[PDB]
Amino acid sequence: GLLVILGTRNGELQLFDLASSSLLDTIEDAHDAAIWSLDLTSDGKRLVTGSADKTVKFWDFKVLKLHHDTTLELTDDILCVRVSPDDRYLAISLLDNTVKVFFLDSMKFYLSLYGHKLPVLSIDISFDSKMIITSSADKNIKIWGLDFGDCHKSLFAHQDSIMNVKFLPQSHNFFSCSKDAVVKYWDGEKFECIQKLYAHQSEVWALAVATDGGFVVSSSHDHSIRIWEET
Amino acid sequence: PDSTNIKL
Amino acid sequence: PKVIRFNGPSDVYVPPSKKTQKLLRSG
Amino acid sequence: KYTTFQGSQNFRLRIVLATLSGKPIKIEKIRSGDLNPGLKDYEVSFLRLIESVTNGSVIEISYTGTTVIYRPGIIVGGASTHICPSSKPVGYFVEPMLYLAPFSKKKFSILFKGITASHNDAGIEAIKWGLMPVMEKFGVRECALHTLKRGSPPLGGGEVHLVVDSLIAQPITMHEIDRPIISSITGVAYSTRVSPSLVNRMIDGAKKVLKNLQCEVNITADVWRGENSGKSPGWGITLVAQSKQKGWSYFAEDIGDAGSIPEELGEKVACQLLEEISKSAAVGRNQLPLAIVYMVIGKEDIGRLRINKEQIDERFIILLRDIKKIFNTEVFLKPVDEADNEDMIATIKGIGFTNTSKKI
Amino acid sequence: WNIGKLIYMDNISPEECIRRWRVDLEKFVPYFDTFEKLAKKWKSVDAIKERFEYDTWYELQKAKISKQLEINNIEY
Amino acid sequence: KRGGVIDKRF
């Protein structure tokens, strides 16, 4: 919790320290285009970044500075990159409405998820690395079995584009946010909407869940940051 | 569509 | 840095006709 | 009295060979020292299947379940349905029926239900093109295994119908002393309840290995989709090396588990088939048990079958010792005259078996 | 060590019979070596490239019978 | 019907 890494639209990668209250390192040429997605391994030593240059770049933390490790160039622009909690899988979303799964250790291709009509915006993997969720602009959430890539169920969750979906830690339940300014609580096993949260006045751009899962934080186009606490 | 527009 | 080019298998699917499907199943 | 055996080793044959002979048999000391002694459910289920296609047979399983007495009846056959326990797939039960069905009073039309594939037993696609083709060569002109539903593990839900229309007095004498020339390699890449991309990737892995060859390669993509796709996701590949000159086949087959690469297994089975060819002289190993018994049950005539030294293994030897105990038939072996290979000729006198159950 | 004798000497176990002159069929798939060992063996396929009028019908059947009987005498 | 799998197992 002492450092923060930022990915800009200009292709630059920035790192900050809270104690120093200043920017330590900036990588101007991290990517030729916007670094749309950024994910970290569980160990925290390897960084994964997705950009509009159609490449995924791996970086290492050495004492602190970043060094580019390997480049994975894809056929299309990348929207989201997610690393499984076990660090065994790497899921990437493409504008072509397909999500590609890779093996993090060897970078061998594993699965090609298909069935989204519009590009997938967010990807999230269950704590047990069994279930994976894909949310796209087509207003649908699809839950897939990572063993064979099979869509267990497709849910018409929201009335507009769904930007972020997150698993609750140690459980298959998950949250979802969309441009309709509604946050919905779901059951990963029964596939039912547990609760609907109507507090946002506008589009909900980001969502995050606490490591313990006690509370959830959502921010929207109304400049409002609110904390949803489990009671 | 524009990639910047749809997500942001 | 190592650059790896991944041209994944095409997900486009040509479904066989029902009649050719029966012939293949019968064998 | 009863010819006696020990253990579960070759449980199906000692019953199958017993059923064909008409000689009563005792199997004893079945897993005596194990925590769960005695017969397994799938073995017990196999006993139920044997009773269904026969009449007049007495099957007695000891109180502890470690000893079974089997007094064979006549093969009668007919129409029936058999529920296969989850411990084994349908191929576990289809295989022994192939040995008895062509010598039946009535036609075998048996409906099987359960898992349709496994890592250790014959698959559907193996039987259709890997074992059955041997049967036509032995005189079983018409025999079919219809695939109504596929069932992958662990939940299965598949459906296969076994129909043999050819009823014969006994298989024709076997005369093959040459190494078949494989003309082309075929196969079926199948998957259940999954995206067809998986099926294509496996052919890619298989083709990668086999593209070096000078013969045609054509692998069918049998993606199963819908209500007939079973209750579990699963996939596998079987690749068959075929010889149109005299109708012969060599085949290999495996299925995939969760988290495996379709290309990897496609490479494995395509690589795998070549090893079966390398160990084969006239037949691959996985149909040696089928071919040898038919030679044994032929007319009072010497059949000849070419085998490779790689094929004469512990499984082959134990199979032969079982045959002698029950038929008193000995497989004599004479070396080939050629020096290019060390292939080997198996010569067997038939016991003069006849289908006395069929009506004339 | 002629194997033919070894086969019919039941006192010698098959495993013992096998080794001297060099598990269970219920597993239909036969034993094979490991894939990576299997893969290296056939980066080349060269080893296996080698594999790759009677007037009446009656006389034909008599010919088939007569030829077969002759085969028995030769092997006997 | 004749014959049977006379199961005397415990």
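Numbers on residues come from counting from 1 along each chain's written sequence, not from the entry itself, and any residue without coordinates is not displayed. Labels follow written order: the first chain is A, the first ligand is 1, and so on. Summary scope: the chains shown constitute part of a larger assembly, and all values are computed over the shown part. No hydrogens and no water enter the side-chain calculation; it runs on all heavy atoms of the structure. Residues with missing side-chain atoms are left out of burial classes, side-chain pairs and their counts.

With the PDB entry as reference, chain D is termed RNA 3'-terminal phosphate cyclase-like protein, source organism Saccharomyces cerevisiae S288C. The record for the entry shows the title "SSU processome maturation and disassembly, State D". UniProt positions are given in the numbering used here, feature names are shortened, and annotations may be inferred rather than shown by experiment. We quote the UniProt Sequence similarities comment for chain D here in full: "Belongs to the RNA 3'-terminal cyclase family. Type 2 subfamily."

Naming follows the PDB entry, where chain A appears as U3 small nucleolar RNA-associated protein 12 of Saccharomyces cerevisiae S288C.

Asks: Tell me about the overall build of chain D, and please be specific about residues and values.
Replies: A tally of regular secondary structure across chain D gives eight helices and 18 strands. For chain D, the C-alpha radius of gyration of 20 Å lies close to 21 Å, the compact-globule estimate for 360 residues. The principal-axis extents of the C-alpha atoms in chain D amount to approximately 60 × 50 × 45 Å. Contacts in chain D between residues at least 24 apart in sequence constitute 71% of all its contacts with a sequence separation of at least 6. Numbering goes from the N terminus for both helices and strands, where a helix is a DSSP run of H or I of at least four residues and a strand is a run of E of at least two. Only C-alpha atoms enter the radius of gyration; for comparison, a globular chain is expected to reach 2.2 Å times N to the power 0.38, where N is the number of residues. The contact criterion used is simple: two residues touch if any of their non-hydrogen atoms lie within 4.5 Å.

Asks: Report on the overall build of chain A, specifying residues and quantitative values.
Replies: Along chain A, the regular secondary structure elements total zero helices and 22 strands. Scaling as 2.2 N^0.38, a compact globule of 231 residues should have a C-alpha radius of gyration of about 17 Å, and chain A matches this with 17 Å.

Asks: Outline the packing of helix 5 (residues 197-210) of chain D against helix 6 (residues 262-278) of chain D, supporting the account with residue identities and numerical values.
Replies: All names here are of chain D. To define axes, lines are fitted to C-alpha atoms, for helices over the stretch in contact only, and angles between the resulting N-to-C directions are given on a 0 to 180 degree scale. As a packed pair, helix 5 and helix 6 sit with axes 7 Å apart at the nearest point and diverge in direction by 45°. Classified by the interaxial angle, the pair formed by helix 5 and helix 6 is oblique. Relative to helix 6, helix 5 is oriented so that their crossing is right-handed. The residues of helix 6 that touch helix 5, namely those facing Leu198, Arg201, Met202, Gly205, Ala206 and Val209, are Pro262, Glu263, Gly266, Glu267, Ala270 and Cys271. Note on residue categories: nonpolar means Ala, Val, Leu, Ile, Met, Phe, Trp, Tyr, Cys or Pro, charged means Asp, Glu, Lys or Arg, and polar means any other residue, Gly included. Across the contact of helix 5 with helix 6, the residue classes tally to seven nonpolar, two polar and three charged. Under this scheme an angle from 65 to 115 degrees is roughly perpendicular, one under 35 degrees roughly parallel, and one over 145 degrees roughly antiparallel; angles in between are oblique. Here a crossing is taken to be left-handed if its near helix is turned anticlockwise relative to the far helix by less than a right angle, and right-handed if that turn runs clockwise.

Asks: Lay out the sheet that holds strand 1 (residues 4-7) of chain F with the relevant residues and their values.
Replies: Taken in spatial order, the five strands line up as 1(D)-2(D)-5(D)-4(D)-1(F) in an open sheet, and their pairing is mixed. Each having just a single partner strand, strand 1 (3-6) of chain D together with strand 1 of chain F make up the two edges of the open sheet. For this sheet, the mean angle separating the axes of adjacent strands, direction not counted, is 15°. A pair of strands is labelled paired if DSSP reports no fewer than 2 bridges between them. Bridge count between strand 2 (residues 25-28) of chain D and strand 5 (residues 68-71) of chain D: three bridges; the pairing is antiparallel.

Asks: So what about the pairing of strand 2 of chain D? Which residues, and what values?
Replies: The two faces of the sheet receive side chains in turn, since in a regular strand these alternate between them. Alignment of strand 1 of chain D against strand 2 of chain D, held across four bridges, turns out to be parallel. Bridge pairing in strand 2 of chain D links D:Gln6 to D:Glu28.

Asks: Give a description of unusual backbone geometry that names residues and reports values.
Replies: Residue D:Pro154 follows D:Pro153 across a cis peptide bond; omega there is 0°. Tracing the sequence through the fold places D:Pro154 in the loop between strand 9 (143-149) and strand 10 (158-164). Positioned with a positive phi, A:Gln170 is a non-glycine residue whose angle comes to about 65°. One can find A:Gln170 in the loop between strand 16 (162-167) and strand 17 (174-178).

Asks: Got a sec to walk through the sheet that holds strand 11 (residues 109-113) of chain A? Specific residues and values, please.
Replies: Residues and elements named next belong to chain A. Taken in spatial order, the four strands of this open sheet run 8-9-10-11, and their pairing is antiparallel. Strands with a single pairing partner mark the edges of an open sheet, and in this sheet they are strand 8 (78-83) and strand 11. For this sheet, the mean inter-axis angle between neighbouring strands, taken without regard to orientation, is 20°. Sheet analysis places strand 8 next to strand 9 (residues 89-94), joined by five bridges and oriented antiparallel. Bridging from a neighbouring strand, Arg82 pairs with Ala91 of strand 9.

Asks: Tell me what's going on with the arrangement of the chains, and back it up with residues and numbers.
Replies: In this assembly, four pairs of chains are in contact, and the pair contributing the most contacts is chains D and F. Note that chain B does not reach chain E: the shortest distance linking a C-alpha of one to a C-alpha of the other is 44 Å. There is no contact between chain E and chain F; across them, the least C-alpha separation is 22 Å.

Asks: So what about helix 4 (residues 124-137) of chain D? Which residues, and what values?
Replies: All names here are of chain D. Across its 14 residues, helix 4 extends 19 Å between first and last C-alpha, which sits within 8% of the 20 Å expected from 1.5 Å per residue. Bend at a given residue is defined as the angle between two axes, one fitted to the seven residues that end at that position and one fitted to the seven that begin there. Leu131 marks where helix 4 bends most, by close to 35°; the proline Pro133 follows one to four residues later. Count one or two residues on from helix 4 and you reach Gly139, which has phi positive near 110°. Helices are assigned an expected span. That span is 1.5 Å times one less than the residue count.

Asks: Hey, could you go over the interface of chain F and chain D for me, with residue numbers and the actual values?
Replies: Many descriptions give the size of an interface as the accessible area lost when the pieces come together. Each side of the interface is counted separately: chain F has eight residues, and chain D has eight residues. Class assignment of the residues belonging to the side of chain F that touches chain D gives a composition of three nonpolar, two polar and three charged. Note that strand 4 (residues 58-61) of chain D and strand 1 of chain F share four bridges and pair parallel. Residue pairing for strand 1 of chain F: D:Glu60 is matched across the bridge by F:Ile6.

Asks: Mind laying out the pairing of strand 18 (residues 344-349) of chain D, listing which residues take part and the relevant values?
Replies: Residues and elements named next belong to chain D. Here six bridges tie strand 16 (residues 302-307) to strand 18, and the two strands are oriented antiparallel to one another. Bridge pairing in strand 18 places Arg306 opposite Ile345. Pairing geometry for strand 17 (residues 332-335) and strand 18, over four bridges, is antiparallel. Counterpart to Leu333 in the pairing with strand 18 is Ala346.

Asks: Would you mind going over the domain arrangement of chain D in detail, with residue names and values included?
Replies: All names here are of chain D. Domain segmentation is taken from an automatic or database assignment of domains. Structurally, chain D comprises domain 1 (1-177 + 275-355) and domain 2 (178-274). Using only C-alpha atoms to locate each centre, domain 1 and domain 2 end up separated by 25 Å. Those elements giving two or more residues to the side of domain 1 that touches domain 2 turn out to be helix 4, strand 9 and helix 6. Of the residues assigned to the side of domain 1 that touches domain 2, the class counts are nine nonpolar, four polar and seven charged.

Asks: Go over the environment of A:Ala210 with me, naming the residues and quoting the values.
Replies: Residues and elements named next belong to chain A. In this fold, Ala210 is placed in the loop between strand 20 (204-209) and strand 21 (215-220). Taking the C-alpha atoms as reference points, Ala210 and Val83, 127 residues apart in sequence, are found 17 Å from one another. The contact partners of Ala210, leaving out residues within four places of it in the chain, are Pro169 and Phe215.

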